[PDB]
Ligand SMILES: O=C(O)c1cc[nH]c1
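As structure tokens, one chain now follows by itself in the form solved without this ligand.
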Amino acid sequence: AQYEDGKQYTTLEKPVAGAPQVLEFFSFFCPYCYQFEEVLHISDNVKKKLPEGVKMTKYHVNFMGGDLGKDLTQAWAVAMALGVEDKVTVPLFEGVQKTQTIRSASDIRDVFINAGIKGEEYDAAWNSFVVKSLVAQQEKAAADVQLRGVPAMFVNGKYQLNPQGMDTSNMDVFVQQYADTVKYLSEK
């Protein structure tokens, strides 16, 4: 009665088997995603409260930004393969939404090089089949949950957070409420 289906979370009509424990979907073109990540720091706070042995997976989506949107999903695949997510998240969000200097795949590449990834290192990964399967994996997960909007977060392949049922006057309280709900749903 404190946490209710339809309130702070909804239950999937068709639960996804084999889905990562905590799955977050976002797009660098998504305004609210920018807030979530850069201002609210939702992911960090959720991570800081998850039980031991529970891992967080973050995927990018194709349905926003058209051409550049698909480029970013591939670039995110590159970030995951190389293990440089924590180096490129901020400059990618800022590049797309703050300075609006990211206008083509080349501009995305510049961000990685500026972050310290070698040109030849990036170019090889970008064309690699390991990156291709990483892109397919991201697309498949979005298909499995019939994703139609971001940001979104799913727990154990059964529940989807519903931030609408929470107070936004104090950001810190909203974040903690969100984090606590994920912890609850993960051990449920």
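Sequential numbering from 1, following the sequence displayed.
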{"query": "Segment of higher mean CA temperature factor, 47-55 or 120-128", "finding": "47-55"}
{"query": "Higher-scoring stretch by recorded Cα B factor average, 158-166 or 30-38", "finding": "158-166"}
{"query": "Third of the chain's Cα B-factor distribution that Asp86 belongs to, per the entry", "finding": "highest"}
{"query": "Entry-reported Cα temperature factor of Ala179, expressed as the chain third it lands in", "finding": "lowest"}
{"query": "For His60, the third of its chain into which the C-alpha B factor falls", "finding": "lowest"}
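Below, we turn to the form deposited with this ligand bound, even though it does not appear here.
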| property | result |
| --- | --- |
| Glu121: touches this ligand in the deposited complex, heavy atom cutoff 4.5 angstroms | no |
| Partner proximity in the deposited complex: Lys140 to this ligand, non-hydrogen atom cutoff 4.5 Å | yes |
| Any non-hydrogen atom of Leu50 within 4.5 angstroms of this ligand in the deposited complex | no |
| Contact of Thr11 with this ligand in the deposited complex (heavy atom, 4.5 Å) | no |
